[PDB]
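Letters A, B, ... are given to chains in the order of the sequence lines, protein chains preceding strands, and every chain is numbered from 1. Just so it is clear, the values below take in all heavy atoms, side chains as well, and ignore hydrogens, waters and symmetry mates.
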Amino acid sequence: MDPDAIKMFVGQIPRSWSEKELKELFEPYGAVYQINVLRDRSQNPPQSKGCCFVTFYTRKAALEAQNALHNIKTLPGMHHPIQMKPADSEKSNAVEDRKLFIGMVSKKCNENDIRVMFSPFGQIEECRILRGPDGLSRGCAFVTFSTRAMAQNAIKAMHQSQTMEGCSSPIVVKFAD
DNA sequence: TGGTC
Ligand SMILES: [Mg+2]
């Protein structure tokens, strides 16, 4: 398979189908490397959970199949069309693993001051000062970078690097809970 | 109030 191939998750497959029927469904869109039905072994006999993974050899074939099938094609006996999307095992750079909690921020700071402070470390895609139900700043912020490496460099360079106005302790910079 | 969506 190509180094950029995508394993795809496919839902709304008839439980009666196996890899044999799925091979006939998918191969017209491109060469298929692997098909695996997700199975339930909780009792005897085991059964299909009604979904599968398909890995095309090429990324282009995976994307064309997804474009052609997802919410388009209804398989026999089904009441809803195929759902098709990249498999969760393909996720690599999750937002939660590149989001920082910034603590001990001056209650005066706004999202723009934080961006100015953390911009040197990479592309910021989200920045929020945290506010309670009264609307008052809670003295902390969330900063999401585009990659985890950016977030880690910000931690090493900024954690306890200074104490802001009105704060009892130096700024805290850590991966968010 | 050292406060994590
Ligand atoms: Mg408090």
Side-chain angles (χ1 to χ4, degrees), chain A residues 2-13 36-42 48-56 59 62-72 78-177:
Chain A
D2 293 2
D4 61 336
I6 309 187
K7 178 160 79 185
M8 290 282 183
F9 172 85
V10 193
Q12 294 298 305
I13 304 290
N36 290 119
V37 169
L38 286 75
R39 287 179 167 95
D40 170 350
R41 293 179 66 184
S42 60
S48 172
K49 299 177 66 81
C51 46
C52 75
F53 299 116
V54 57
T55 307
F56 287 95
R59 173 170 289 237
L63 294 173
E64 293 178 335
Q66 177 192 23
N67 190 65
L69 291 172
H70 177 66
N71 286 332
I72 303 299
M78 300 295 101
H79 293 353
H80 298 77
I82 288 173
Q83 317 279 311
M84 187 164 172
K85 60 179 286 204
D88 291 327
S89 63
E90 303 289 83
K91 311 309 158 255
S92 54
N93 187 29
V95 156
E96 34 269 65
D97 297 329
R98 50 188 158 87
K99 180 197 261 174
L100 300 176
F101 172 82
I102 320 294
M104 292 293 141
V105 178
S106 178
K107 311 280 182 114
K108 283 185 170 29
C109 292
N110 59 37
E111 283 75 358
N112 180 260
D113 320 302
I114 301 303
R115 285 175 180 273
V116 170
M117 301 171 57
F118 287 93
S119 290
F121 304 104
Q123 187 192 30
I124 298 176
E125 70 185 36
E126 187 200 290
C127 179
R128 335 194 332 265
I129 302 301
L130 192 73
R131 288 171 191 284
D134 49 10
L136 211 67
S137 167
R138 294 175 75 183
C140 54
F142 284 132
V143 179
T144 302
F145 286 93
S146 58
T147 80
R148 178 167 173 98
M150 292 167 183
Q152 176 54 243
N153 292 333
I155 296 172
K156 182 186 175 73
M158 296 292 284
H159 179 57
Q160 300 191 305
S161 65
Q162 66 166 273
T163 301
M164 310 202 80
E165 186 194 273
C167 300
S168 65
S169 299
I171 188 174
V172 342
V173 186
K174 60 197 292 213
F175 286 110
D177 272 354

Worksheet, complete the sentence: Which of A/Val143, A/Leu100, A/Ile114 passes side chain to side chain contact (heavy atoms under 4.5 Å, CB included) with A/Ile124? It is A/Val143
Worksheet item: In Å and rounded to the nearest 0.5 Å, what is the CD to NZ distance from A/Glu165 to A/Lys108?
Response: 5.0 Å
Worksheet item: Nearest of B/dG2, B/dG3, B/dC5 to any side-chain atom of A/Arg138?
Response: B/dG3
Practice prompt. Please determine if A/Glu125 and A/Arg98 form a salt bridge, counting it only when a charged side-chain N lies under 4.0 Å from a carboxylate O.
Written response: yes
Discussion item. Using whole Å, what does the distance between atom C1' of nucleotide B/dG2 and atom CD of A/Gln160 come to?
Written reply: 12 Å
Item to complete: Kindly point out which of B/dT4, B/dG2, B/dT1 is positioned nearest to the side chain of A/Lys107?
Response: B/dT1
Discussion item. In whole Å, I'd like the distance from the CD1 atom of A/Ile155 to the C1' atom of B/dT4.
Written reply: 14 Å
Practice prompt. Give A/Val172 one of three labels, base, sugar-phosphate or nothing, depending on what nucleic acid heavy atoms sit under 4.0 Å from its own.
Written response: base
Worksheet item: Expressed in angstrom and rounded to an integer, what is the separation of A/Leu136 atom CG from B/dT1 atom P?
Response: 8 Å
Item to complete: Return yes if the base of B/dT4 and the side-chain atoms of A/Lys174 contain a donor-acceptor N/O pair under 3.5 Å, otherwise no.
Response: yes
Worksheet entry | Six-ring centre of A/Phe53, A/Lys7 cation under 6.0 angstrom, axis tolerance 45° | yes
Worksheet entry | Phosphate OP1/OP2 of B/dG2 contacted by A/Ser168 side-chain N/O (<4.0 Å) | yes
Worksheet item: Given atom CD1 of A/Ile171 and atom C1' of B/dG3, what is their separation to the nearest angstrom?
Response: 13 Å
Fill in: A/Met104 CE - B/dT4 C1' separation (whole Å)
12 Å
Worksheet item: Are A/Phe142 and the base of B/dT4 stacked, counting only ring centres nearer than 5.5 Å and planes tilted under 30°?
Response: no
Practice prompt. For the side chain of A/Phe101, starting at C-beta, report the closest nucleotide among B/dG2, B/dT1, B/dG3.
Written response: B/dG3
Response to the item:
In whole angstroms, the gap separating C1' of B/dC5 from CG of A/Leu130 amounts to 7 Å
